[PDB]
Amino acid sequence: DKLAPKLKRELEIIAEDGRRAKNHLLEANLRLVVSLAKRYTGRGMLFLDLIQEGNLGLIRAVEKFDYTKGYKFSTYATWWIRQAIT
DNA sequence: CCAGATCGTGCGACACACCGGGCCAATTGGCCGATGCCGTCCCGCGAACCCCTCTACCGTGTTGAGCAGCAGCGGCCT
């Protein structure tokens with residue numbers, strides 16, 4: 001749909017804002033991954049490898065999160081982070 | 001001295017020498033032909049085997065020695 005240039009600009013701006021929001025959520029939640037991954041230390045894999053795998057798990061969780069359930073975001077992220085790490 | 005061993009000689013036997021015949025025994029060894037059991041394969045189903053996915057009270061920090069180059073500083077020079 002052609003729509004109007006101003007509406008297209010506004011839609012692009014909100015899309016960029018949503019991308020920024022996703023990023024911001026990821027940086028805010030990296031500390032949770034770091035906290036979770038420290039109790040699996042040893043057993044071959046090193047600390048930073050575990051942290052990065054947990055980061056991938058957290059990204060996956062953020063890709064599939066909803067707020068209608070009225071629960072704090074830490075729970076879903078914790079489940080997925082532990083699953084990915086193990 | 002003279003009589004048997006050795007050998008000469010002789011007669012016979014004769015064990016085969018031949019080189020050629022004319023049949024035979026034993027013993028075949030092929031698979032002929034007919035009959036029968038095993039290797040291969042093509043499913044058929046099912047046990048297991050490996051991979052992927054998701055869970056929402058919440059939870060937010062791991063010696064000695066030798067030789068050479070670089071950083072800081074005292075002190076001219078402008």
# chains A, B, ... in the order shown; residues from 1 in each chain; ligands from 1

call {"tool": "interface_residues", "arguments": {"of": "chain B", "to": "chain A", "cutoff": "9 Å", "atoms": "only C-alpha atoms (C1' of nucleotides)", "output": "PyMOL selection string"}}
result
chain B and resi 55-62

call {"tool": "write_last_selection", "arguments": {"atoms": "C-alpha atoms (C1' of nucleotides)", "output": "PDB file, in the first residue's frame"}}
result
ATOM      1  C1'  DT B  55       7.823 -24.820  31.413  1.00  0.00           C
ATOM      2  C1'  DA B  56       5.379 -18.238  33.410  1.00  0.00           C
ATOM      3  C1'  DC B  57       5.392 -17.481  42.042  1.00  0.00           C
ATOM      4  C1'  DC B  58      10.852 -15.745  41.248  1.00  0.00           C
ATOM      5  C1'  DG B  59      15.391 -15.086  40.172  1.00  0.00           C
ATOM      6  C1'  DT B  60      19.661  -9.879  37.925  1.00  0.00           C
ATOM      7  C1'  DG B  61      28.216  -9.732  39.323  1.00  0.00           C
ATOM      8  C1'  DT B  62      34.111 -14.141  38.388  1.00  0.00           C
TER       9       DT B  62
END

call {"tool": "select_by_dssp", "arguments": {"residues": "chain A", "states": "alpha helix (DSSP H)", "output": "JSON, numbers by chain"}}
result
{"A": [5, 6, 7, 8, 9, 10, 11, 12, 13, 14, 15, 16, 17, 18, 19, 20, 21, 22, 23, 24, 25, 26, 27, 28, 29, 30, 31, 32, 33, 34, 35, 36, 37, 47, 48, 49, 50, 51, 52, 53, 54, 55, 56, 57, 58, 59, 60, 61, 62, 63, 74, 75, 76, 77, 78, 79, 80, 81, 82, 83, 84, 85]}

call {"tool": "atom_distance", "arguments": {"atom1": "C1' of residue 54 (chain B)", "atom2": "CA of residue 46 (chain A)"}}
result
26.6 Å
